[PDB]
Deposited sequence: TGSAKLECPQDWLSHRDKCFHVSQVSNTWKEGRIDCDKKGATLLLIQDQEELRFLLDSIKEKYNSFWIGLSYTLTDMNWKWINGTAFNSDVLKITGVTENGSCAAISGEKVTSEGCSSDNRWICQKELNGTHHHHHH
């Protein structure tokens, strides 16, 4: 068991930080890096429902998933390609993903949202 930082949420093999500050997906990404963390990488629906039940939940929160122009595909910031969790939207209306209420929605990267940072275990 790893000691989790001050005012950070703990669930399974992860530490979570919900921002109160709103900004673009890129500025959100930079902020998680300055904290020695990365944007949220959703493992499963159990991790998702933990956050929903402990988050003000009606607002959108940037997650570590975007449409990368080099790959021309939806990819997690960890390099893993996205599979069906489903991204909701009738149309292509943005290249950046966010948890909207309970659903995962695509939104414009230049939009301003809060974000969830994560610190995950990777050995000893």
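- Unmodelled regions of the deposited sequence, numbered from residue 1: 1 to 4, 60, 90 to 91, 132 to 137.
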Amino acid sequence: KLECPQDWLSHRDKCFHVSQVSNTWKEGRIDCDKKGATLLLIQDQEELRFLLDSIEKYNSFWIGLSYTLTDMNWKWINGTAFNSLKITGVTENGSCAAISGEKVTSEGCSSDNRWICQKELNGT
From here on, numbers count along this sequence of modelled residues.
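- Comparing 19 to 27 with 107 to 115, the stretch with the higher mean C-alpha B-factor in the PDB entry is 19 to 27.
- The question of which stretch, 58 to 66 or 33 to 41, has the higher mean Cα B factor is settled in favour of 33 to 41.
- Remark: of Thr80, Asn73, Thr91, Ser84, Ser84 shows the highest value [criterion: C-alpha B-factor in the PDB entry].
- When the modelled residues of the chain are ordered by C-alpha B-factor, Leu52 sits in the highest third.
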